[PDB]
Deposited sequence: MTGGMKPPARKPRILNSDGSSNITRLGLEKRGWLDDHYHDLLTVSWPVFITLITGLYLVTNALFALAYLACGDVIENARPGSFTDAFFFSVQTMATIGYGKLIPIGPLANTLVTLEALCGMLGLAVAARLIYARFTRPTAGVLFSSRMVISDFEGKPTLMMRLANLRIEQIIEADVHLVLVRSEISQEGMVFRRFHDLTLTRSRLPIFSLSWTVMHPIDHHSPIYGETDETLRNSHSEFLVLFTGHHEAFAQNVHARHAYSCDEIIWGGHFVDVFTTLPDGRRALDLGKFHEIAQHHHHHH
């Protein structure tokens, strides 16, 4: 497989610590992110502790020269707790308190907004069919796959972009992976609530015209699907990607109706039937 089932590439890649700070703060794992924020919080409070000590004995009820007492006073100042046992003395420590309160209020507000950004990533909650089918629709062979909304809230302006990716030999003897846009009957669904079957009519303008299971395997053909939409639950845009290889196309298959009948005779959506494909079996 060139592309994984999720649509990402398998190709190995090659060719400063804070050179991409924002990206790294978002993509780094939660234990790493936590260590970074917690360590920065502790390192800043250790730097102010040393600063208070460099002024002399400028913290009331603190043991002279005690870093521990200066650190805990710094925490009480930076977090703006201010119990009042450890309190600043003179213009030097009060100036440092004024600087530290500002750093803590600003820096902890930024750290908290970064936690929120990492936490509020919306997921499309869209299910792609495990396979694609090739069967006749309106008297023409048609490539199909389907999507379902896994949530109760609607996706507005839902778009699907289907692309064929195959190996080709150019007119000047150049071997390369080419990307062919597959024209869909409907690429935009204004309101996506339940199930959507995406169709590519295989006409003389289709890059898979006259193609068989065998010819798709020789060009190492792959089908890449991008779904985009605005999700009403999040009041944000969402996307989902997927990839099918040549062996995931059921030639002559048709998708089973997902709309089932409940015991009370009601019409329901059964996503148990979502990956079910019907085929004709010969002797």
Which deposited-sequence positions, grouped into ranges, are missing C-alpha coordinates?
1-12, 28-31, 300-301
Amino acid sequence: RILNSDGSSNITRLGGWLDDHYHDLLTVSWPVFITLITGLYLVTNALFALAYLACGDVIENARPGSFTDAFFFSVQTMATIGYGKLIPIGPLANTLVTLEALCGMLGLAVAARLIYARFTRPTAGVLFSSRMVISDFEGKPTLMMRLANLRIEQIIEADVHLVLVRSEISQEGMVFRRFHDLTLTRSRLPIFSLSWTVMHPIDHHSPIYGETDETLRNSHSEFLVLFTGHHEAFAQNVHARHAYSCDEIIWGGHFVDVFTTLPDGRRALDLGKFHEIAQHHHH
From here on, numbers count along this sequence of modelled residues.
For the C-alpha atoms alone, is the average B factor greater in 262-270 or in 18-26, going by the entry?
262-270
When the Cα temperature factors in the entry are averaged, is it 239-247 or 217-225 that ends up higher?
217-225
Among 131, 118, 85, 177, the highest C-alpha B-factor in the PDB entry belongs to 177
Using the temperature factors in the entry, find which of 149, 74, 170, 183 has the highest value at its Cα atom.
170
Among the modelled residues of its chain, does the C-alpha B-factor of residue 232 lie in the lowest, middle or highest third?
lowest
Ranked against its chain, the third holding the CA B-factor of residue 203
middle
Please rank the C-alpha B-factors of the chain's modelled residues and tell me whether residue 153 sits in the lowest, middle or highest third.
middle
Could you tell me which third, lowest, middle or highest, the C-alpha B-factor of residue 111 occupies within its chain?
lowest
Is the Cα B-factor recorded for residue 212 in the lowest, middle or highest third of its chain?
highest
